[PDB]
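Here the structure is laid out as structure tokens; the discussion comes afterwards.
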Amino acid sequence: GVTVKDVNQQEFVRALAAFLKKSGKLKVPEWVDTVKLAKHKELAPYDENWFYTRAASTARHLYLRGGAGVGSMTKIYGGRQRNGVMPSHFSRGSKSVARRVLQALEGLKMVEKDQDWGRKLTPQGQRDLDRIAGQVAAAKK
Amino acid sequence: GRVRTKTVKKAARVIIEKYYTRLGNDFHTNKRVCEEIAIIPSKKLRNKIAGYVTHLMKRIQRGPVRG
Amino acid sequence: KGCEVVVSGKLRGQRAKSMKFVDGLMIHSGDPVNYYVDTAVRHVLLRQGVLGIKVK
Amino acid sequence: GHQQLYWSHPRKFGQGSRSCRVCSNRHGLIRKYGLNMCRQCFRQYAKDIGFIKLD
Amino acid sequence: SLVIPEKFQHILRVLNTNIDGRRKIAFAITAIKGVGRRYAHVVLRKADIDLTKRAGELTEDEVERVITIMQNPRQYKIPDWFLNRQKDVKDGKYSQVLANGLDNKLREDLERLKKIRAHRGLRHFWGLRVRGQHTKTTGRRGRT
Amino acid sequence: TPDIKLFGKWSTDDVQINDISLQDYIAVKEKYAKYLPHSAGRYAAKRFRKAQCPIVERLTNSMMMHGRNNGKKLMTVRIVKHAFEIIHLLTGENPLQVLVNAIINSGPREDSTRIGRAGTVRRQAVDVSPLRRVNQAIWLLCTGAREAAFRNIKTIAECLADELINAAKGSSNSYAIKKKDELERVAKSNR
Amino acid sequence: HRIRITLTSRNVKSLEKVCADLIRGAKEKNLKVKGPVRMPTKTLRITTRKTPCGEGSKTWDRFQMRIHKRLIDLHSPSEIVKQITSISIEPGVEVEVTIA
Amino acid sequence: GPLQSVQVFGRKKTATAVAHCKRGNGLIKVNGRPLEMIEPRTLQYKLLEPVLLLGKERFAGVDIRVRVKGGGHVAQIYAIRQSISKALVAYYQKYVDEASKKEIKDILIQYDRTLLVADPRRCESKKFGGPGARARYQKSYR
Amino acid sequence: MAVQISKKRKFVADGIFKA
Amino acid sequence: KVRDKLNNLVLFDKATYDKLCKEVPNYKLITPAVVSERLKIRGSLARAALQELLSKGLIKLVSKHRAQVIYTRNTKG
RNA sequence: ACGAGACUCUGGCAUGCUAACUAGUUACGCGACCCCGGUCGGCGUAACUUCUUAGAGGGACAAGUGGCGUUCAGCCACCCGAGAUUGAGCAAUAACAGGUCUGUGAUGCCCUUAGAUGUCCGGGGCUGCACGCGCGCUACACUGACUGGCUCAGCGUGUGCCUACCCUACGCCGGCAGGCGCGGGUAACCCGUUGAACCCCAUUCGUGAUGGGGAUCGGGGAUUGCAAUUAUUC
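Order-wise, the sequence lines are chains A, B, C, D, E, F, G, H, I and J. The opening position of the first sequence corresponds to residue 3 in the entry's author numbering, with each subsequent residue numbered one higher. The opening position of the second sequence corresponds to residue 2 in the entry's author numbering, with each subsequent residue numbered one higher. The opening position of the third sequence corresponds to residue 132 in the entry's author numbering, with each subsequent residue numbered one higher. The opening position of the fourth sequence corresponds to residue 2 in the entry's author numbering, with each subsequent residue numbered one higher. The opening position of the fifth sequence corresponds to residue 2 in the entry's author numbering, with each subsequent residue numbered one higher. The opening position of the sixth sequence corresponds to residue 14 in the entry's author numbering, with each subsequent residue numbered one higher. The opening position of the seventh sequence corresponds to residue 18 in the entry's author numbering, with each subsequent residue numbered one higher. The opening position of the eighth sequence corresponds to residue 5 in the entry's author numbering, with each subsequent residue numbered one higher. The opening position of the ninth sequence corresponds to residue 1 in the entry's author numbering, with each subsequent residue numbered one higher. The opening position of the tenth sequence corresponds to residue 39 in the entry's author numbering, with each subsequent residue numbered one higher.
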């Protein structure tokens, strides 16, 4: 038996993104093609279906730590904002992107609304993540 | 460097002049004697005094001291 | 063990001058200046100006 | 209307709504910890308050 | 694949301006005034053009389609805030403005400000910094 | 229980230094060999403690320069590892042997110091300390790689690699050997 | 009753003296008592200039005021707490009694 | 009934790393994940220094679970690589005849002294008049 | 009370009252 | 002392392609930088050419990194 | 006698002492999931200070060894050792036509005092540009720019007196800047296990004033305030 902690996180996120792409029940919004992920970003993402990757990263972060809502989850996807001539500063990500990701994962049977302002994982989602981790570990071994 | 001042040398000279049968070559023993018999309001001064007493007795068991 | 009285201002003249009167022991540096000496700075309203007092 | 002409300007913020509680000056205030004093008067009265120089 | 295709366009004529086809398509059409790197990624996202192909080997049907999207994008689901010239001062219509049109619109805006005799138009007529900043120690290219 | 100890994948044994003046100043012989070129430090605290520092550590410390690269150590470590891959892959021998022989060839033997009053260009010919020779060779090789990999399509790890291979034989084409010969001739000029 | 006594002051030696007095009183009154909980110290710093005008080298002052806090737990009714806190209190030590 | 255990810490700048050694199968996992999957991947040899220097047979009958917090990245790596060796030394000292403790401690000292004793270095306090602890602002003449 | 200022503000106000 | 403005090629020609597939797999060290030097090609083209040569199974890989790729020939022994 | 030293604060360490449901650890039980063990800052409870907090103590003195020295004051090197030069605070006689009358209900003289040089209200200016100088910020790139994923802190601040104006997790709406009902925190309790950046991994780019650099400039939308034009800020 292997959990996600004993397998590489990058390959886990990529395989989980492929799994949620193959499931086809995520309800991708219409403005995904023309949107900027944060106010410090400059261009659109080069990946065409990055919503599955963002959903996989959000699911992995919720498995690692619970009780994360929207503005808590926004702080994870932060970075420096190159202000041109002014010096850089740290800025948060977008709010509606995280809201749509957590709403899509609540619509799917993977995320349960944790009591007192949080979003935990459904035990079916935890089981699904353990299958993905075991498949990646078996493929690597 | 490490050069002692008037208070350390004078205090060491008077404690060897007033006491000899209790003080010795070991630094910790005469350090505790200087704790007991002398009023030292600090600890670095106490350690410097006890070190100079150790060096002075290392001089005295070899030869005479004119001070 | 000591005292120091200094009077500052104009004294029988247009140009100001300071007369310091000290005897005994007086320390200035370290922490033992804080809990030994007491220093008070007051003023005198003379007819030709203001006079300074610093005693310790 | 002199009485309501005297206060056509509401001073509820800015530098002119805050003054030192000793010398009535409006420059270099200390708003930290609810002091509301200028720097010179704070340095003058800092011994009796409790602020002492250690570091 | 890696070999050159037959009938390879070296210089492309788009809106009577020279565009090389040697660069990436998302960064070759940005030489048109009025379009940029963010807008080039959106005009190429609604119509089916892959972003990994160079601009010299694209086909004429794709070229005409991206011309149509870059002229009139409001009916192909492009948001109104994403456009540059929204709520126009004369007719009030949302339109992304191309190169010679951008120059003409800028000229009419400057001539309108000069005619109405505003502070910004007067500072444009003099040749000063119209946004408002300390030009005491900066901008030494104003005179010789 | 390792029989021998490998610097990542390179054997630290079967290497020698030809110049006997730098036996103790180049530390790659079974006492100072480690796995990675990133130690805990405390090598410049004393007056000759840096002589025990390994030459790979010295090159890794001296490579990061020019403002924008200060503090970036792990990047320099992976540059050094990719470089040593290129030296082993091109010449065929061990990268540590090429690195040690590059210090011998690119180190100056004698230098001219300033003498006289102020303003004069009067120089006196002296000879260099053996540790200063090592430092000068390390500095010259690193700045040669730096000026090679600037505004060029060649990468930094390849430019470091071609600088060490050229300096290992002295082909009068690397920048460090040219500067060393220029220093030798300008010090021999006013002797 | 789960009654709590909070002990705070500026100086540390008077606070330690009155705290040790309260602990030894609770020990001699034949009653269980928890130890003093040492709260982290709060440091109040204002860094201000030294010259009143704008002349001279830029020298700054570093004023500092540390505040200590202690927590004291008892298992007694209210009159025991009042009779143990109403005798021999330090002049520079501020005390607050809370009950639940 | 009786159980044997030891808790040994280690630090470099401000990152403490408390280890835990007791009886069990040989397994080393820090914060739940093993040593071979600790970022950064450049310093995997530096993390694996004590195990690969002492041998697998020394870690044959002990399990290790280390929690680490504070510091940056490299300070955390140095804290864990000090804490593993310190925990093994203390475990052999407490529950084994210490000839084994001597024969691991002599070669640990002979490799690097960092593996056992700490690094007594902290950051100096900034002073007014400059951007750092030692550097000063530029002084203009005329 | 209904105000209950902080522990730092209480000591600051006490020092101001003393001054 | 001539600048010689680099007109690197984005896509291949009929002589560049077969001179590369004749000569470049016989190099002792193959890097995108050095094949861009010796072939006067664009940098992304060199990455594509080494990727397709790796897919064809004619070029050995020794290390992979986001800023450094090194390619060799097969062992002649 | 003063100044230095001496003194105080802080950093570095003690598996020993005294204590912690406003800080935890280790065990046990109840849960979720994987293949009998592993993961969980999920829940609860019997010991303790290993982490944390802060009080009293201890340790380091040229103490030991080998040299140089009038064998005096001292210097060099080394072993054991967490340290064998951590940083700051305070700081003498004598003065300077040094700066401050625009910090002061500290102040002498002089001026003004109702057609005021006090006072209040409205508008403007302190930002105005052929130029010169100083402290600085951003870059001149491929040890790099962009796009995703991974992972790591410590000093601090916080609902106010005339004094309106605090820090914010959470659910909804919108690309984003932002918007109403919704809870906590007079604070090791809530923000907060302060998911900080630089760094690390993988694509895109390839010597081109280029996807470097973002000055100047046009159009639109929000928040603060009684009011933003000479763009407050985003």
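All C-beta atoms in this analysis are idealised placements derived from N, C-alpha and C, irrespective of residue type, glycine included.
Burial state of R129 of chain A, where buried means 16 or more other Cβ atoms lie within 10 Å: exposed
Kindly give me the distance between the Cβ atoms of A189 of chain F and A181 of chain F, rounded to whole angstroms, as I take these residues to be in contact under 8 Å. Their Cβ separation, rounded to whole angstroms, is 11 Å, which puts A189 of chain F and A181 of chain F out of contact at 8 Å.
Measure the C-alpha to C-alpha separation of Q41 of chain D and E128 of chain H and round it to an integer number of angstroms. 30 Å
Helix or strand or just coil, what does DSSP make of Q110 of chain F? helix
When Cβ atoms are compared, which residues of the segment 4–38 of chain D fall closer than 7 Å to chain G? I31, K33, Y34
Could you run through the segment 82–97 of chain J and flag, in chain order, every residue whose CB is less than 8 Å away from some CB of chain E? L83, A86, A87, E90
For the beta strand (DSSP E) holding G140 of chain C, just list the boundary residues, first then last. 133–140
Identify whether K187 of chain C lies in helix, strand or coil by the three-state DSSP scheme. coil
Among F:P121, F:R55, F:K44, whose alpha-carbon lies nearest the alpha-carbon of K18 of chain F? With distances taken between Cα atoms, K18 of chain F lies closest to F:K44.
Taking 7 Å as the threshold (C-beta atoms), are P70 of chain J and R111 of chain J in contact? no
What residues of chain J sit near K167 of chain F, judged by a beta carbon separation below 8 Å? Ordered by position in chain J, the residues that pass the 8 Å Cβ test against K167 of chain F are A71, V72, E75.
Please list, in chain order, the chain H residues whose beta carbon lies closer than 9 Å to that of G21 of chain F. Against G21 of chain F, the close residues of chain H are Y49, in the order they occur along the chain (beta-carbon pairs closer than 9 Å).
To which residues of the same chain is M76 of chain F closer than 6 Å at the C-beta, ignoring the five residues directly before and after it? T89, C155
Can you find a C-beta in chain G that's less than 7 Å from the C-beta of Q41 of chain D? yes
Thinking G120 of chain F and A158 of chain F are a contact (beta carbons under 8 Å), I'd like their distance in whole angstroms, please. Going by Cβ atoms, the distance from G120 of chain F to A158 of chain F rounds to 16 Å, so no, they are not a contact pair.
Would you check if the segment 21–37 of chain D and the segment 7–17 of chain I touch, i.e. whether three or more CB-CB distances between them fall below 8 Å? yes
Please classify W77 of chain G: does DSSP put it in a helix, a strand, or coil? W77 of chain G sits in a strand when the DSSP states are folded into three classes.
Going by the CB atoms, is the gap between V6 of chain A and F14 of chain A shorter than 7 Å? Yes. Within cutoff.
Can you tell me whether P38 of chain H is helix, strand or coil according to DSSP? strand
Identify the continuous beta strand (DSSP E) that holds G52 of chain G and give its terminal residues. No beta strand (DSSP E) holds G52 of chain G; DSSP gives it neither H nor E.
Using the rule of at least 16 other Cβ atoms within 10 Å of the residue's Cβ for burial, across every protein chain shown, is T170 of chain C buried or exposed? exposed
Could you pull out every residue in the same chain whose Cβ sits closer than 6 Å to the Cβ of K85 of chain F, ignoring the five residues on either side in sequence? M77
Start and end of the beta strand (DSSP E) containing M150 of chain C? 148–155
Of the residues that make up the segment 78–110 of chain G, which ones have a beta carbon closer than 8 Å to any beta carbon in chain D? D78, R79, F80, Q81, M82
Amino acids of chain I, ordered along the chain, whose beta-carbon sits closer than 9 Å to that of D49 of chain D: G15, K18, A19
In chain order, what residues of the segment 45–57 of chain J put their CB closer than 8 Å to some CB of chain F? none
If you draw a straight line from the alpha carbon of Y56 of chain F to that of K67 of chain G, how long is it in whole angstroms? 41 Å
Under 8 Å from the C-beta of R23 of chain E: neighbouring residues of chain J: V48
Backbone secondary structure at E75 of chain J - three-state DSSP: Note: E75 of chain J maps to helix in three-state DSSP.
Backbone CA spacing between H11 of chain E and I5 of chain E [nearest angstrom]: 12 Å
Give, in chain order, every residue of the segment 44–71 of chain F whose Cβ lies closer than 8 Å to some Cβ of chain J. For the segment 44–71 of chain F, no residue has a beta-carbon sitting nearer than 8 Å to a beta-carbon of chain J.
Against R39 of chain E, what residues of chain A qualify as contacts under a CB-to-CB distance less than 9 Å, listed in chain order? Per Cβ cutoff of 9 Å: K38, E44, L45, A46.
CB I68 of chain J to CB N46 of chain J, shorter than 7 Å? Taking 7 Å as the Cβ cut-off, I68 of chain J and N46 of chain J do not qualify as a contacting pair.
Listed by chain order, chain H residues near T14 of chain F by CB distance under 7 Å: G59
Within chain F, the residues that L67 of chain J reaches when beta carbons sit closer than 8 Å: Residues of chain F passing the Cβ test: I99, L102, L103.
In the segment 106–151 of chain F, which residue ranges form an unbroken alpha helix (DSSP H) of at least 4 residues, counting only runs that do not cross its ends? For the segment 106–151 of chain F, whole alpha helix (DSSP H) runs of length 4 or above, ordered along the chain, are 108–119.
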